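Data block for protein_14.cif (mmCIF, C-alpha atoms and all ligand atoms):
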data_query
loop_
_atom_site.label_atom_id
_atom_site.label_comp_id
_atom_site.auth_asym_id
_atom_site.auth_seq_id
_atom_site.Cartn_x
_atom_site.Cartn_y
_atom_site.Cartn_z
CA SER U 1 55.30 -7.15 71.13
CA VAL U 2 52.01 -9.06 71.15
CA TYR U 3 52.21 -9.52 74.92
CA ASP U 4 52.53 -5.76 75.40
CA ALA U 5 49.47 -5.20 73.22
CA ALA U 6 47.59 -7.89 75.12
CA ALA U 7 48.35 -5.92 78.30
CA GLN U 8 45.91 -3.24 77.13
CA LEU U 9 43.08 -5.75 77.51
CA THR U 10 42.06 -4.62 80.99
CA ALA U 11 39.31 -6.16 83.11
CA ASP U 12 36.78 -3.62 81.84
CA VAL U 13 37.80 -4.05 78.21
CA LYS U 14 37.46 -7.83 78.42
CA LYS U 15 34.03 -7.41 80.02
CA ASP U 16 32.77 -5.18 77.20
CA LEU U 17 34.21 -7.57 74.61
CA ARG U 18 32.47 -10.55 76.15
CA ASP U 19 29.16 -8.72 76.62
CA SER U 20 29.08 -7.45 73.04
CA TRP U 21 30.20 -10.81 71.65
CA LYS U 22 27.29 -12.50 73.41
CA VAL U 23 25.07 -10.65 70.93
CA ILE U 24 27.29 -10.25 67.85
CA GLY U 25 28.42 -13.87 68.03
CA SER U 26 24.86 -15.24 68.21
CA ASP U 27 24.37 -14.77 64.46
CA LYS U 28 27.77 -15.50 62.94
CA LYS U 29 26.46 -15.81 59.38
CA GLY U 30 24.43 -12.61 59.49
CA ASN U 31 26.96 -10.41 61.26
CA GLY U 32 29.93 -12.01 59.54
CA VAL U 33 28.53 -11.12 56.13
CA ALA U 34 27.55 -7.67 57.39
CA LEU U 35 31.16 -7.10 58.46
CA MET U 36 32.57 -8.13 55.08
CA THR U 37 30.04 -6.27 52.93
CA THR U 38 30.64 -3.15 55.03
CA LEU U 39 34.41 -3.48 54.63
CA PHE U 40 34.00 -3.69 50.87
CA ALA U 41 31.61 -0.73 50.76
CA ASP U 42 33.75 1.60 52.88
CA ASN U 43 37.15 0.43 51.58
CA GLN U 44 36.62 -0.89 48.05
CA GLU U 45 40.38 -1.31 47.63
CA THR U 46 40.30 -4.28 50.02
CA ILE U 47 38.46 -6.27 47.36
CA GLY U 48 41.83 -6.75 45.65
CA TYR U 49 42.66 -9.34 48.31
CA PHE U 50 39.49 -11.36 47.66
CA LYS U 51 39.57 -12.18 43.95
CA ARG U 52 38.97 -15.85 44.81
CA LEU U 53 35.53 -15.05 46.25
CA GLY U 54 34.24 -13.93 42.87
CA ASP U 55 31.24 -11.61 42.63
CA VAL U 56 31.28 -10.15 46.13
CA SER U 57 28.44 -7.80 45.17
CA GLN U 58 26.11 -10.77 45.66
CA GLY U 59 26.68 -10.65 49.41
CA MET U 60 25.01 -13.40 51.44
CA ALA U 61 23.95 -15.21 48.26
CA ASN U 62 27.60 -15.71 47.28
CA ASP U 63 28.50 -19.13 48.72
CA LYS U 64 32.24 -18.41 48.83
CA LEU U 65 31.74 -15.06 50.56
CA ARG U 66 29.30 -16.61 53.01
CA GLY U 67 31.73 -19.44 53.72
CA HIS U 68 34.53 -16.97 54.43
CA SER U 69 32.31 -14.71 56.54
CA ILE U 70 31.07 -17.49 58.81
CA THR U 71 34.62 -18.79 59.22
CA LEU U 72 35.91 -15.33 60.09
CA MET U 73 33.59 -15.21 63.13
CA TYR U 74 35.14 -18.37 64.58
CA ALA U 75 38.53 -16.67 64.68
CA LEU U 76 36.93 -13.99 66.85
CA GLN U 77 35.15 -16.66 68.92
CA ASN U 78 38.59 -18.18 69.48
CA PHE U 79 40.07 -14.84 70.60
CA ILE U 80 37.19 -14.07 72.96
CA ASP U 81 37.46 -17.51 74.56
CA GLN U 82 41.18 -17.03 75.32
CA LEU U 83 40.85 -13.59 76.94
CA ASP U 84 41.61 -14.76 80.49
CA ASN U 85 44.88 -16.54 79.67
CA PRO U 86 47.36 -14.13 77.99
CA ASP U 87 49.63 -17.03 77.07
CA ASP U 88 46.89 -18.80 75.13
CA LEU U 89 45.58 -15.59 73.57
CA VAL U 90 49.06 -14.72 72.32
CA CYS U 91 49.73 -18.13 70.75
CA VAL U 92 46.37 -18.21 68.96
CA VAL U 93 46.84 -14.66 67.66
CA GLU U 94 50.31 -15.46 66.37
CA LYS U 95 48.92 -18.59 64.70
CA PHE U 96 46.17 -16.50 63.13
CA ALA U 97 48.66 -13.93 61.82
CA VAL U 98 50.78 -16.47 59.93
CA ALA U 99 48.39 -16.80 56.99
CA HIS U 100 47.71 -13.07 56.90
CA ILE U 101 51.42 -12.21 56.89
CA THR U 102 51.90 -14.53 53.90
CA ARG U 103 49.19 -12.54 52.11
CA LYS U 104 51.20 -9.36 52.72
CA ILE U 105 48.45 -7.75 54.79
CA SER U 106 50.09 -5.01 56.86
CA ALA U 107 48.93 -3.84 60.28
CA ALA U 108 47.59 -0.70 58.61
CA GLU U 109 45.57 -2.77 56.14
CA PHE U 110 44.13 -4.97 58.84
CA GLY U 111 43.10 -1.92 60.85
CA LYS U 112 40.60 -1.03 58.14
CA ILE U 113 38.34 -3.60 59.80
CA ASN U 114 37.78 -1.24 62.75
CA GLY U 115 35.27 0.89 60.86
CA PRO U 116 33.07 -2.08 59.89
CA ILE U 117 33.21 -3.47 63.44
CA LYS U 118 32.09 -0.12 64.83
CA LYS U 119 29.17 -0.03 62.39
CA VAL U 120 28.09 -3.63 63.05
CA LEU U 121 28.25 -2.98 66.79
CA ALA U 122 26.19 0.19 66.40
CA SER U 123 23.51 -1.71 64.47
CA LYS U 124 23.08 -3.75 67.65
CA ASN U 125 23.10 -0.64 69.85
CA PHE U 126 26.65 -1.03 71.16
CA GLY U 127 28.25 2.42 71.34
CA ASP U 128 31.76 3.86 71.12
CA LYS U 129 32.64 2.32 74.49
CA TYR U 130 32.41 -1.11 72.87
CA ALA U 131 34.00 0.02 69.60
CA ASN U 132 37.10 1.16 71.49
CA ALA U 133 37.27 -2.17 73.29
CA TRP U 134 37.18 -4.02 69.99
CA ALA U 135 39.81 -1.68 68.56
CA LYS U 136 42.11 -2.85 71.37
CA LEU U 137 41.58 -6.51 70.49
CA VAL U 138 42.29 -5.75 66.83
CA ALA U 139 45.43 -3.96 68.03
CA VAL U 140 46.72 -7.22 69.51
CA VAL U 141 46.49 -8.79 66.04
CA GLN U 142 48.11 -5.75 64.43
CA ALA U 143 51.06 -6.16 66.79
CA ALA U 144 51.65 -9.58 65.23
CA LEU U 145 51.64 -8.37 61.63
CA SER X 1 31.17 -34.59 45.30
CA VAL X 2 31.00 -32.60 48.52
CA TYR X 3 27.27 -32.10 47.97
CA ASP X 4 26.73 -35.86 47.81
CA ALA X 5 28.98 -36.44 50.81
CA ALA X 6 27.16 -33.84 52.91
CA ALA X 7 23.95 -35.77 52.23
CA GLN X 8 25.42 -38.76 54.10
CA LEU X 9 25.06 -36.88 57.38
CA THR X 10 21.79 -38.50 58.45
CA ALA X 11 19.69 -37.55 61.48
CA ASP X 12 21.38 -39.95 63.91
CA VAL X 13 24.85 -39.16 62.57
CA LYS X 14 24.30 -35.46 63.25
CA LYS X 15 22.96 -36.32 66.70
CA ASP X 16 25.94 -38.51 67.60
CA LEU X 17 28.28 -35.77 66.40
CA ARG X 18 26.60 -33.23 68.69
CA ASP X 19 26.48 -35.47 71.75
CA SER X 20 30.17 -36.32 71.50
CA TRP X 21 31.21 -32.76 70.63
CA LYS X 22 29.48 -31.58 73.80
CA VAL X 23 32.19 -33.43 75.71
CA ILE X 24 35.13 -33.21 73.30
CA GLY X 25 34.66 -29.51 72.61
CA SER X 26 34.55 -28.72 76.33
CA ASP X 27 38.35 -28.77 76.46
CA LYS X 28 39.57 -27.43 73.14
CA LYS X 29 43.14 -26.91 74.35
CA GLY X 30 43.56 -30.30 76.00
CA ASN X 31 41.74 -32.39 73.39
CA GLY X 32 43.17 -30.35 70.53
CA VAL X 33 46.76 -31.00 71.59
CA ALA X 34 45.94 -34.65 72.31
CA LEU X 35 44.59 -34.96 68.79
CA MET X 36 47.76 -33.53 67.23
CA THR X 37 50.27 -35.46 69.35
CA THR X 38 48.38 -38.67 68.56
CA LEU X 39 48.53 -37.93 64.83
CA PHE X 40 52.28 -37.32 65.00
CA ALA X 41 52.81 -40.47 67.06
CA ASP X 42 50.84 -42.83 64.80
CA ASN X 43 51.80 -41.23 61.48
CA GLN X 44 55.21 -39.63 61.94
CA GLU X 45 55.46 -39.00 58.19
CA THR X 46 52.92 -36.19 58.54
CA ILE X 47 55.33 -34.18 60.69
CA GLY X 48 57.00 -32.86 57.54
CA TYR X 49 53.94 -30.71 56.82
CA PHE X 50 54.31 -29.00 60.21
CA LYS X 51 57.92 -27.80 59.91
CA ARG X 52 56.94 -24.31 61.08
CA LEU X 53 55.71 -25.64 64.44
CA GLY X 54 59.20 -26.76 65.46
CA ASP X 55 59.77 -29.54 67.98
CA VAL X 56 56.31 -31.08 68.16
CA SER X 57 57.35 -33.62 70.81
CA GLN X 58 57.21 -30.79 73.36
CA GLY X 59 53.43 -30.99 73.18
CA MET X 60 51.61 -28.42 75.31
CA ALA X 61 54.88 -26.59 76.08
CA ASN X 62 55.30 -25.71 72.39
CA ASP X 63 53.50 -22.38 71.94
CA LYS X 64 53.13 -22.79 68.18
CA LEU X 65 51.70 -26.30 68.51
CA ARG X 66 49.29 -25.18 71.22
CA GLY X 67 48.15 -22.26 69.07
CA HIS X 68 47.52 -24.55 66.11
CA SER X 69 45.76 -27.20 68.19
CA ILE X 70 43.35 -24.76 69.82
CA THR X 71 42.61 -23.20 66.43
CA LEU X 72 41.94 -26.59 64.83
CA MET X 73 39.17 -27.19 67.37
CA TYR X 74 37.33 -24.05 66.26
CA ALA X 75 37.13 -25.42 62.72
CA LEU X 76 35.38 -28.48 64.13
CA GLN X 77 33.17 -26.19 66.20
CA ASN X 78 32.30 -24.39 62.96
CA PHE X 79 31.36 -27.64 61.20
CA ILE X 80 29.16 -28.81 64.08
CA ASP X 81 27.37 -25.46 64.20
CA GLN X 82 26.55 -25.76 60.48
CA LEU X 83 24.96 -29.23 60.64
CA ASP X 84 21.44 -27.77 60.52
CA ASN X 85 21.96 -26.17 57.11
CA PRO X 86 23.51 -28.29 54.31
CA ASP X 87 24.11 -25.18 52.19
CA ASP X 88 26.18 -23.54 54.93
CA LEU X 89 28.06 -26.70 55.87
CA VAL X 90 29.20 -27.11 52.27
CA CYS X 91 30.41 -23.53 51.86
CA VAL X 92 32.32 -23.69 55.15
CA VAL X 93 33.90 -27.00 54.15
CA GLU X 94 34.99 -25.68 50.75
CA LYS X 95 36.41 -22.56 52.44
CA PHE X 96 38.30 -24.77 54.89
CA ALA X 97 39.66 -26.92 52.04
CA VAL X 98 41.27 -24.00 50.18
CA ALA X 99 44.27 -23.63 52.48
CA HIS X 100 44.73 -27.40 52.74
CA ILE X 101 44.60 -27.77 48.95
CA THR X 102 47.32 -25.13 48.60
CA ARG X 103 49.41 -27.20 51.02
CA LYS X 104 48.92 -30.21 48.78
CA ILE X 105 47.13 -32.27 51.43
CA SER X 106 45.25 -35.08 49.66
CA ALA X 107 42.00 -36.67 50.78
CA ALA X 108 44.00 -39.75 51.74
CA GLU X 109 46.47 -37.71 53.84
CA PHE X 110 43.60 -35.86 55.52
CA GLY X 111 41.90 -39.12 56.42
CA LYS X 112 44.82 -40.04 58.67
CA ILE X 113 43.14 -37.85 61.29
CA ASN X 114 40.45 -40.52 61.71
CA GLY X 115 42.73 -42.64 63.87
CA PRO X 116 43.52 -39.85 66.38
CA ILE X 117 39.85 -38.86 66.54
CA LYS X 118 38.82 -42.43 67.30
CA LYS X 119 41.42 -42.61 70.08
CA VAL X 120 40.55 -39.27 71.71
CA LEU X 121 36.88 -40.25 71.49
CA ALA X 122 37.60 -43.55 73.25
CA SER X 123 39.51 -41.78 76.04
CA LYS X 124 36.21 -40.06 76.83
CA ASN X 125 34.16 -43.26 76.70
CA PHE X 126 32.78 -42.76 73.16
CA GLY X 127 33.06 -45.95 71.09
CA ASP X 128 32.92 -47.08 67.46
CA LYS X 129 29.46 -45.65 66.89
CA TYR X 130 30.82 -42.13 67.41
CA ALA X 131 34.11 -42.74 65.59
CA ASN X 132 32.13 -43.78 62.53
CA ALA X 133 29.97 -40.67 62.83
CA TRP X 134 33.05 -38.45 62.86
CA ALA X 135 34.54 -40.38 59.95
CA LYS X 136 31.44 -39.37 57.98
CA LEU X 137 32.05 -35.69 58.73
CA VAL X 138 35.71 -36.03 57.78
CA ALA X 139 34.53 -37.66 54.55
CA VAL X 140 32.80 -34.39 53.65
CA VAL X 141 36.12 -32.55 53.86
CA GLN X 142 37.83 -35.32 51.91
CA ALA X 143 35.36 -34.84 49.05
CA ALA X 144 36.43 -31.18 48.82
CA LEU X 145 40.16 -31.93 48.68
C1 LIG D 1 38.37 -9.21 62.41
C2 LIG D 1 39.29 -9.38 61.31
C3 LIG D 1 39.54 -10.55 60.57
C4 LIG D 1 39.35 -11.85 60.92
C5 LIG D 1 38.84 -12.38 62.27
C6 LIG D 1 39.80 -12.66 59.80
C7 LIG D 1 39.69 -14.04 59.79
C8 LIG D 1 40.16 -14.85 58.77
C9 LIG D 1 40.12 -16.28 58.80
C10 LIG D 1 39.77 -17.18 59.99
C11 LIG D 1 40.51 -16.71 57.58
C12 LIG D 1 40.67 -18.18 57.19
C13 LIG D 1 42.03 -18.72 57.62
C14 LIG D 1 43.17 -18.09 56.85
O1 LIG D 1 43.37 -18.46 55.67
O2 LIG D 1 43.87 -17.22 57.41
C15 LIG D 1 40.85 -15.53 56.80
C16 LIG D 1 41.20 -15.55 55.46
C17 LIG D 1 41.52 -14.41 54.73
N1 LIG D 1 41.63 -13.14 55.27
FE1 LIG D 1 41.36 -12.54 57.16
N2 LIG D 1 40.37 -11.89 58.79
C18 LIG D 1 40.17 -10.59 59.23
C19 LIG D 1 40.48 -9.46 58.48
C20 LIG D 1 41.09 -9.49 57.22
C21 LIG D 1 41.37 -8.29 56.44
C22 LIG D 1 41.10 -6.87 56.90
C23 LIG D 1 41.89 -8.71 55.25
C24 LIG D 1 42.40 -7.93 54.20
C25 LIG D 1 42.00 -6.60 53.80
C26 LIG D 1 41.90 -10.17 55.30
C27 LIG D 1 42.15 -10.98 54.20
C28 LIG D 1 42.00 -12.35 54.18
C29 LIG D 1 42.08 -13.13 52.96
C30 LIG D 1 42.43 -12.63 51.56
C31 LIG D 1 41.75 -14.40 53.29
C32 LIG D 1 41.56 -15.53 52.29
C33 LIG D 1 40.14 -15.52 51.73
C34 LIG D 1 39.87 -16.66 50.77
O3 LIG D 1 40.40 -16.62 49.63
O4 LIG D 1 39.14 -17.59 51.15
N3 LIG D 1 41.45 -10.64 56.53
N4 LIG D 1 40.71 -14.38 57.58
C1 LIG D 2 40.31 -32.68 62.01
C2 LIG D 2 41.08 -32.23 60.88
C3 LIG D 2 41.73 -31.00 60.75
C4 LIG D 2 41.29 -29.77 61.13
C5 LIG D 2 39.95 -29.42 61.77
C6 LIG D 2 42.32 -28.81 60.71
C7 LIG D 2 42.23 -27.44 60.93
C8 LIG D 2 43.15 -26.51 60.49
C9 LIG D 2 43.04 -25.08 60.74
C10 LIG D 2 41.83 -24.36 61.31
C11 LIG D 2 44.17 -24.51 60.27
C12 LIG D 2 44.45 -23.00 60.26
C13 LIG D 2 43.89 -22.35 59.01
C14 LIG D 2 44.62 -22.80 57.76
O1 LIG D 2 45.74 -22.29 57.50
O2 LIG D 2 44.09 -23.67 57.03
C15 LIG D 2 44.99 -25.59 59.75
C16 LIG D 2 46.32 -25.46 59.35
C17 LIG D 2 47.11 -26.51 58.91
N1 LIG D 2 46.66 -27.80 58.67
FE1 LIG D 2 44.84 -28.56 59.00
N2 LIG D 2 43.35 -29.44 60.01
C18 LIG D 2 43.02 -30.79 60.09
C19 LIG D 2 43.82 -31.81 59.61
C20 LIG D 2 45.02 -31.62 58.95
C21 LIG D 2 45.86 -32.71 58.48
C22 LIG D 2 45.48 -34.18 58.54
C23 LIG D 2 47.00 -32.15 57.98
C24 LIG D 2 48.15 -32.77 57.46
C25 LIG D 2 48.43 -34.17 57.29
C26 LIG D 2 46.82 -30.71 58.11
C27 LIG D 2 47.82 -29.79 57.84
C28 LIG D 2 47.77 -28.45 58.17
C29 LIG D 2 48.93 -27.58 58.15
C30 LIG D 2 50.37 -27.91 57.76
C31 LIG D 2 48.53 -26.40 58.63
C32 LIG D 2 49.45 -25.20 58.85
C33 LIG D 2 50.13 -25.28 60.22
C34 LIG D 2 50.94 -24.04 60.53
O3 LIG D 2 51.98 -23.82 59.87
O4 LIG D 2 50.55 -23.29 61.45
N3 LIG D 2 45.59 -30.38 58.68
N4 LIG D 2 44.32 -26.81 59.82
#

Using the file provided, produce a representation of the structure as structure tokens.
Ligand code: HEM
Ligand code: HEM
Amino acid sequence: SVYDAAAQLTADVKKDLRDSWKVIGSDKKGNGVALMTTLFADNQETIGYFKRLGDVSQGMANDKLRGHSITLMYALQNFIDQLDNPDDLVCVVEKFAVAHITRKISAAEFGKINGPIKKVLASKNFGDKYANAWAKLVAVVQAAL
Amino acid sequence: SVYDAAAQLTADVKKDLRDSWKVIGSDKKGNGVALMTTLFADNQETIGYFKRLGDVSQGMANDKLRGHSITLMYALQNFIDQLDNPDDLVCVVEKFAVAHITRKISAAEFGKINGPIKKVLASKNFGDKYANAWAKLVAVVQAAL
């Protein structure tokens, strides 16, 4: 199932992912927090999954939220780095899904991250072309949930 | 405390960590798997914690083990990238510790990774000086467990 989803990562899609990551991934703390605070603002219900982080309204100043946000970006760094070898991409995505499946996060839930990604990309001047590419990468993860 | 342990990362320790990571982190898949297989070989009693991975003796051919090994290297990448800011290193270490605490991995059981690190380091012509530097970084995680 994950292999079939990975098949949608065409040469052009991988190129747009790598080009946009070159910018987004250069400030993992800043963009990681931006992603999370945007998720919480647009889909407040997702906060139910992050009780451990405490007062998420503090944003960057919240050490636990910052710690999670920075760490989240390294999962994406991992994915981007494995783009050229489907076998490696698949095994890392399945590994990544394990902990999220245990948390009972469905593919539909996970997909809520698409909006925030689109907004973060747009803040760096990366249009819909790039947003759609990222939606395809997220789809590979969804296929594993 | 983790705050006191993070203070032990002196200027030269951080430098030695970076210089060795430049080489070690160049092959996350190869060195990651080497790190895991070495751990399982020298401390077979730790295999019980990795039941989900299946037959670990298969090494690189085991998709689940390869996925875990590659992923483990991105946690180390994260730590190295945070060396400049003590505040960020600490929050990323505490975040990292959460999942390991819920697996009941003690500071003593985590420290068993020091052996494998020393051996992988030596296979790349990095001696005691570097092994001790990495032991100091591992000590930061141990303080959080
Ligand atoms: C681009 C998307 C995402 C990435 C790259 C990502 C990455 C990560 C990583 C690397 C971790 C730490 C390892 C682990 O425990 O699994 C994590 C933890 C977690 N993730 Fe995901 N995640 C994403 C989206 C989501 C979404 C949409 C939810 C739920 C609405 C979610 C909920 C969680 C929770 C609750 C934790 C534990 C937080 C804590 O208590 O420290 N994740 N995620
Ligand atoms: C250099 C030290 C280590 C690093 C960087 C590391 C990194 C990681 C990462 C990134 C994960 C995935 C996220 C998570 O669920 O926490 C993980 C999972 C795990 N770690 Fe650690 N770890 C290290 C040492 C250890 C040691 C020494 C043990 C046990 C003696 C351990 C046991 C586990 C287990 C059982 C899992 C889950 C494996 C699975 O079912 O996929 N880790 N670790």

If you count all atoms listed in the file, which residues fall within 9 Å of segment 25-31 of chain X, apart from same-chain ones fewer than 4 positions away, as number ranges by chain? U: 88; X: 20-21, 35-36, 60, 66-67, 69-74, 76-77, 120

Per residue of chain U within 7 Å of chain X, note the shortest atom pair and the distance in Å to one decimal, counting all atoms listed in the file, and order the rows by chain and increasing residue number, as CSV.
residue,atom,partner,partner_atom,distance
U:63,CA,X:91,CA,5.7
U:64,CA,X:91,CA,6.2
U:67,CA,X:92,CA,4.5
U:68,CA,X:95,CA,6.2
U:71,CA,X:92,CA,6.8
U:74,CA,X:74,CA,6.3
U:78,CA,X:74,CA,6.8
U:91,CA,X:67,CA,4.7
U:92,CA,X:67,CA,4.4
U:95,CA,X:67,CA,5.8

May I have the selected residues written with C-alpha atoms, as a PDB file, in the frame of the given file?
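Result went into selection_10.pdb, see below:
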ATOM      1  CA  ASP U  63      28.500 -19.130  48.720  1.00  0.00           C
ATOM      2  CA  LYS U  64      32.240 -18.410  48.830  1.00  0.00           C
ATOM      3  CA  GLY U  67      31.730 -19.440  53.720  1.00  0.00           C
ATOM      4  CA  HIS U  68      34.530 -16.970  54.430  1.00  0.00           C
ATOM      5  CA  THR U  71      34.620 -18.790  59.220  1.00  0.00           C
ATOM      6  CA  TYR U  74      35.140 -18.370  64.580  1.00  0.00           C
ATOM      7  CA  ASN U  78      38.590 -18.180  69.480  1.00  0.00           C
ATOM      8  CA  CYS U  91      49.730 -18.130  70.750  1.00  0.00           C
ATOM      9  CA  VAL U  92      46.370 -18.210  68.960  1.00  0.00           C
ATOM     10  CA  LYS U  95      48.920 -18.590  64.700  1.00  0.00           C
TER      11      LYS U  95
END

Chain fit of chain X to chain U, all Cα atoms, as a CSV table (one decimal) with C-alpha atoms, keeping the file's coordinate frame:
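Saved to result_17.csv:
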chain,number,residue,atom,x,y,z
X,1,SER,CA,55.1,-6.3,70.7
X,2,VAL,CA,52.1,-8.6,70.8
X,3,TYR,CA,52.9,-9.4,74.5
X,4,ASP,CA,52.8,-5.7,75.3
X,5,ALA,CA,49.6,-5.2,73.3
X,6,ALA,CA,47.9,-8.2,75.0
X,7,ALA,CA,48.5,-6.5,78.3
X,8,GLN,CA,46.3,-3.6,77.2
X,9,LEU,CA,43.2,-5.8,77.5
X,10,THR,CA,42.2,-4.6,81.0
X,11,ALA,CA,39.4,-6.0,83.1
X,12,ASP,CA,36.7,-3.8,81.8
X,13,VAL,CA,37.9,-4.1,78.2
X,14,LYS,CA,37.6,-7.9,78.4
X,15,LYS,CA,34.2,-7.5,80.0
X,16,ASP,CA,32.9,-5.2,77.3
X,17,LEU,CA,34.2,-7.6,74.7
X,18,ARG,CA,32.3,-10.5,76.2
X,19,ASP,CA,29.0,-8.6,76.7
X,20,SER,CA,29.0,-7.4,73.1
X,21,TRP,CA,30.1,-10.7,71.7
X,22,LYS,CA,27.2,-12.4,73.4
X,23,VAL,CA,25.0,-10.5,71.0
X,24,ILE,CA,27.2,-10.2,67.9
X,25,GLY,CA,28.3,-13.8,68.0
X,26,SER,CA,24.7,-15.0,68.2
X,27,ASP,CA,24.3,-14.7,64.5
X,28,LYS,CA,27.7,-15.5,63.0
X,29,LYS,CA,26.4,-15.9,59.4
X,30,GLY,CA,24.4,-12.6,59.4
X,31,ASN,CA,26.8,-10.5,61.3
X,32,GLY,CA,29.8,-12.1,59.5
X,33,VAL,CA,28.5,-11.2,56.1
X,34,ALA,CA,27.5,-7.7,57.3
X,35,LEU,CA,31.0,-7.2,58.5
X,36,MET,CA,32.5,-8.2,55.1
X,37,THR,CA,30.1,-6.3,52.9
X,38,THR,CA,30.7,-3.2,55.0
X,39,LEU,CA,34.4,-3.5,54.6
X,40,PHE,CA,34.1,-3.8,50.9
X,41,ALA,CA,31.7,-0.8,50.7
X,42,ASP,CA,33.8,1.6,52.8
X,43,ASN,CA,37.2,0.4,51.5
X,44,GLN,CA,36.8,-0.9,48.0
X,45,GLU,CA,40.5,-1.1,47.5
X,46,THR,CA,40.6,-4.2,49.8
X,47,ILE,CA,38.5,-6.2,47.3
X,48,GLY,CA,41.7,-7.0,45.4
X,49,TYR,CA,42.8,-9.4,48.2
X,50,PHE,CA,39.6,-11.4,47.9
X,51,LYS,CA,39.8,-12.2,44.1
X,52,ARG,CA,39.0,-15.9,44.8
X,53,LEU,CA,35.6,-15.0,46.4
X,54,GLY,CA,34.3,-13.7,43.0
X,55,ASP,CA,31.5,-11.2,42.8
X,56,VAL,CA,31.4,-9.9,46.4
X,57,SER,CA,28.4,-7.6,45.8
X,58,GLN,CA,26.2,-10.7,45.8
X,59,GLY,CA,26.5,-10.8,49.5
X,60,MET,CA,24.8,-13.7,51.2
X,61,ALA,CA,24.0,-15.3,47.8
X,62,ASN,CA,27.7,-15.8,47.1
X,63,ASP,CA,28.6,-19.2,48.6
X,64,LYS,CA,32.3,-18.4,48.8
X,65,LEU,CA,31.7,-15.1,50.6
X,66,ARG,CA,29.3,-16.7,53.0
X,67,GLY,CA,31.8,-19.5,53.8
X,68,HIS,CA,34.5,-17.0,54.5
X,69,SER,CA,32.3,-14.7,56.6
X,70,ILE,CA,31.1,-17.5,58.8
X,71,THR,CA,34.6,-18.8,59.2
X,72,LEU,CA,35.9,-15.3,60.2
X,73,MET,CA,33.5,-15.2,63.1
X,74,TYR,CA,35.0,-18.4,64.6
X,75,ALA,CA,38.4,-16.7,64.7
X,76,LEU,CA,36.8,-13.9,66.8
X,77,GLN,CA,35.1,-16.6,68.9
X,78,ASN,CA,38.5,-18.1,69.5
X,79,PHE,CA,40.0,-14.8,70.6
X,80,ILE,CA,37.2,-14.1,73.0
X,81,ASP,CA,37.5,-17.6,74.5
X,82,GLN,CA,41.2,-17.0,75.2
X,83,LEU,CA,40.8,-13.7,77.1
X,84,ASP,CA,41.2,-15.5,80.5
X,85,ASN,CA,44.7,-16.7,79.6
X,86,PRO,CA,47.2,-14.1,78.1
X,87,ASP,CA,49.6,-16.9,77.2
X,88,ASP,CA,46.9,-18.7,75.1
X,89,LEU,CA,45.6,-15.5,73.5
X,90,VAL,CA,49.1,-14.6,72.3
X,91,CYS,CA,49.7,-18.0,70.7
X,92,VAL,CA,46.4,-18.0,69.0
X,93,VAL,CA,46.9,-14.5,67.7
X,94,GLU,CA,50.4,-15.4,66.3
X,95,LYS,CA,48.9,-18.5,64.7
X,96,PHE,CA,46.2,-16.4,63.1
X,97,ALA,CA,48.7,-13.9,61.9
X,98,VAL,CA,50.8,-16.4,59.9
X,99,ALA,CA,48.3,-16.8,57.0
X,100,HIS,CA,47.7,-13.0,56.9
X,101,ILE,CA,51.4,-12.3,56.9
X,102,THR,CA,51.9,-14.6,53.9
X,103,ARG,CA,49.2,-12.6,52.1
X,104,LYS,CA,51.1,-9.5,52.8
X,105,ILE,CA,48.4,-7.8,54.9
X,106,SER,CA,50.0,-5.0,56.9
X,107,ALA,CA,48.9,-3.9,60.4
X,108,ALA,CA,47.5,-0.7,58.7
X,109,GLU,CA,45.5,-2.8,56.2
X,110,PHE,CA,44.2,-5.0,58.9
X,111,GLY,CA,43.0,-2.0,61.0
X,112,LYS,CA,40.5,-1.1,58.2
X,113,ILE,CA,38.3,-3.7,59.8
X,114,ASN,CA,37.7,-1.3,62.8
X,115,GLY,CA,35.2,0.8,60.8
X,116,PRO,CA,33.0,-2.2,59.9
X,117,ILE,CA,33.1,-3.5,63.4
X,118,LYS,CA,32.1,-0.1,64.8
X,119,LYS,CA,29.1,0.0,62.4
X,120,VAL,CA,27.9,-3.6,63.0
X,121,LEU,CA,28.2,-2.9,66.8
X,122,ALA,CA,26.1,0.3,66.4
X,123,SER,CA,23.4,-1.6,64.5
X,124,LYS,CA,23.0,-3.7,67.7
X,125,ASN,CA,22.9,-0.7,70.0
X,126,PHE,CA,26.6,-0.9,71.1
X,127,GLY,CA,28.3,2.5,71.1
X,128,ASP,CA,31.8,3.9,71.1
X,129,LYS,CA,32.7,2.3,74.4
X,130,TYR,CA,32.4,-1.1,72.8
X,131,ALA,CA,34.0,-0.1,69.5
X,132,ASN,CA,37.1,1.1,71.4
X,133,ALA,CA,37.2,-2.2,73.3
X,134,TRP,CA,37.2,-4.1,70.0
X,135,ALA,CA,39.8,-1.8,68.6
X,136,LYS,CA,42.0,-2.8,71.5
X,137,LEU,CA,41.6,-6.5,70.5
X,138,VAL,CA,42.3,-5.8,66.9
X,139,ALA,CA,45.5,-3.9,68.1
X,140,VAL,CA,46.8,-7.2,69.4
X,141,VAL,CA,46.6,-8.8,66.0
X,142,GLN,CA,48.1,-5.7,64.4
X,143,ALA,CA,51.1,-6.1,66.7
X,144,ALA,CA,51.7,-9.6,65.3
X,145,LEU,CA,51.5,-8.5,61.7

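If you measure from each of U:7, U:113, U:131, U:80 to ligand LIG 1 (chain D) using all atoms listed in the file, the closest one turns out to be U:113.
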
Let me make sure I understand: among U:144, U:56, U:34, U:138, which one has the smallest atom-to-atom distance to ligand LIG 1 (chain D) if we use all atoms listed in the file? U:138

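Going from atom CA of residue 106 of chain X to atom CA of residue 38 of chain X covers 19.5 Å.
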